[PDB]
Amino acid sequence: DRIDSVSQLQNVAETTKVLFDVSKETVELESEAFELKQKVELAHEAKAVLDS
Amino acid sequence: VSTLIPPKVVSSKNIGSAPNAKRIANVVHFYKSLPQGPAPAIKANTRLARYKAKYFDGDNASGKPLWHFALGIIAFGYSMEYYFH
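Residues numbered from 1 in each chain as written, not as in the entry; some residues may be left out. Chains lettered and ligands numbered in written order. Part of a larger assembly, values for the part shown. Heavy atoms only, no water. Residues with missing side-chain atoms left out of burial classes, pairs and counts.

cryo-EM is the method the PDB entry lists for this structure, together with a resolution of 4.8 Å.

And the structure:
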């Protein structure tokens, strides 16, 4: 029974560290995307005023 | 934003399991115990350990030493009355 618990934990220890890195890394890229959003926004507004 | 990880920060509860207490007990319990031994001390020679081996082991509950001891007392007191009292 004890062996069963242990075997799970071995594989976990490495692979979980991968996810740890991965999650924060994606979030960083997504931060940079906000600057893109601002490009989208200003242009949309400009077309609208001009249409009026 | 908070990337916190419970699984590998569980490593102080991975000593915490209850059968660990049994484990460290029974590696010590089984650090020297013979599997069943070879033939330890069931028979021995004290010259009455041989007597014990035939009658007073778990191998025999035979009533024979009782009989022997009884017959001894029957032989004893009849001669002895005239020698002591």
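What follows continues from the structure just given.
A.B. asks: So what exactly am I meant to see when it comes to the overall build of chain A here?
C.D. replies: The secondary structure content of chain A amounts to one helix and zero strands. Against the compact-globule benchmark of 10 Å for 52 residues, chain A has a radius of gyration of 23 Å, which places it well outside the compact range. Taking the principal axes of its C-alpha atoms as reference, chain A extends roughly 75 × 15 × 5 Å. (Helix = DSSP H or I, 4+ residues; strand = E, 2+ residues; numbered from the N terminus. Rg over C-alpha atoms; globule rule 2.2 N^0.38 Å.)

A.B. asks: In this structure, what is going on with the overall build of chain B? I would like to understand it.
C.D. replies: Scanning chain B from terminus to terminus reveals three helices and zero strands. Along its sequence from the N terminus, chain B presents helices and strands in the succession α-α-α. By its C-alpha atoms, chain B is 110 × 30 × 20 Å across when sized along the principal axes.

A.B. asks: Is there a simple way to explain unusual backbone geometry in this structure?
C.D. replies: When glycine is set aside, most residues are seen to have a negative phi, and most peptide bonds are trans. The phi torsion at B:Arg47 lies on the positive side, around 80°, for a residue other than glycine. Looking at the element boundaries, B:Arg47 is found in the loop between α1 (19–29) and α2 (49–55).

A.B. asks: What's the story with helix α3 (residues 64–84) of chain B in this structure? I'm lost.
C.D. replies: Every α-helical turn comprises 3.6 residues, leaving residues that sit three or four positions apart pointing alike. For α3(B), with 21 residues, the first-to-last C-alpha span of 30 Å sits near the 30 Å given by 1.5 Å per residue. Along α3(B), the helix axis deviates most sharply at B:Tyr78, where the bend reaches about 25°. (Expected span 1.5 Å × (residues − 1). Bend = angle between axes of the 7 residues up to and from the residue.)

A.B. asks: How should I be thinking about helix α1 (residues 2–51) of chain A in this particular structure?
C.D. replies: The terminal C-alpha atoms of α1(A) lie 71 Å apart, and with 50 residues this matches the ideal 74 Å at 1.5 Å per residue to within 8%. A bend of about 35° at A:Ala13 is the largest found in α1(A).

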